[PDB]
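Presented as structure tokens, the chain that follows is alone, the form deposited in one PDB entry.
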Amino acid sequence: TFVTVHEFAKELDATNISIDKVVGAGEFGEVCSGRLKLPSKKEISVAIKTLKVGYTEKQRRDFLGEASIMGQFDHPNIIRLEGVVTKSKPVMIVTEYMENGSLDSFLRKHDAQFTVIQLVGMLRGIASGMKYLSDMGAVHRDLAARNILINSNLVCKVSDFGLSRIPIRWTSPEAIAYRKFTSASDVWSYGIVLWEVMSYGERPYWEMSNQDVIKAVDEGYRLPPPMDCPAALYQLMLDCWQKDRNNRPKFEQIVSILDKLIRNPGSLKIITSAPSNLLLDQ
């Protein structure tokens, strides 16, 4: 059921917003954190983005457009849009606070420090959010660990709908070849996110030339199993990376696979064996 839009975004009163901390700069302006007083008088933490002074109309449209998309989704594993401020300036987008930031950066700080079941929980949350996205007929097109946010309790949530309706390393071969972007191309990207998570945030295909990423994956080469990677999870990656988009799992099937692994954690003890290089198929 995925479709200016105050159709999908609450106009917040700026008196209910307080800025506590500037994080840094963003594409469109400053990125900040703070508190929002809800109509019930409950106070919550929030992430706040502003549009730079002297913005062009293109900048305003693209800035608020990403909110119009996010606002269509109400799901525990998709970042919550609290609202926008458009009737006063700077224009603001207010979203759910996520203390631990981008998943890729967070995992790189904690290499090998979480349990396999903790990682599988993060991955299940991501799949659950993506399942709802696909139910609504949206294609994310930029699913990567850098666009997943993680909160104080390690709950992961899909963010960054700027490209949603080319990050070459996360993009399915058919999407690179002729821009065929579908939910199955998002499943490919999820497969890369799985590798990213199990790798504690290593970069997919490291710094291979982009032309070599395209060609190697076309020839059937794939990212190798991460160190200590459960066999079940490497198989899941390979299934996400099937050449034929029609043979990839659906997000609903991915959630069910991961729920089974959560239910039977001994499953995860079967590990793949043993040089940043690609493996042919396999």
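So that there is no doubt, residue numbering starts at 1 and follows the sequence shown.
Below: the form solved in complex with a small molecule, not depicted.
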(message) Can you work out which of 228, 27, 43, 219 has a heavy atom no more than 4.5 Å from the small molecule in the deposited complex?
(response) 27
(message) Just to confirm, with a 4.5 Å cut-off on non-hydrogen atoms, which of 214, 255, 36, 31 contacts the small molecule in the deposited complex?
(response) 31
(message) With the partner left out here, check for me: in the deposited complex, does some heavy atom of residue 200 sit within 4.5 Å of the small molecule?
(response) no
(message) At 4.5 Å between heavy atoms, is residue 102 in contact with the small molecule in the deposited complex?
(response) yes
(request) Would you please decide whether residue 95 lies within 4.5 angstroms of the small molecule in the deposited complex, comparing each non-hydrogen atom pair? (result) yes
(request) Report yes if any heavy atom of residue 174 sits within 4.5 Å of a heavy atom of the small molecule in the deposited complex; otherwise report no. (result) no
(message) Does the small molecule, in the deposited complex, lie within 4.5 angstroms of each residue among 111, 119 and 194, using heavy atoms as the measure?
(response) no
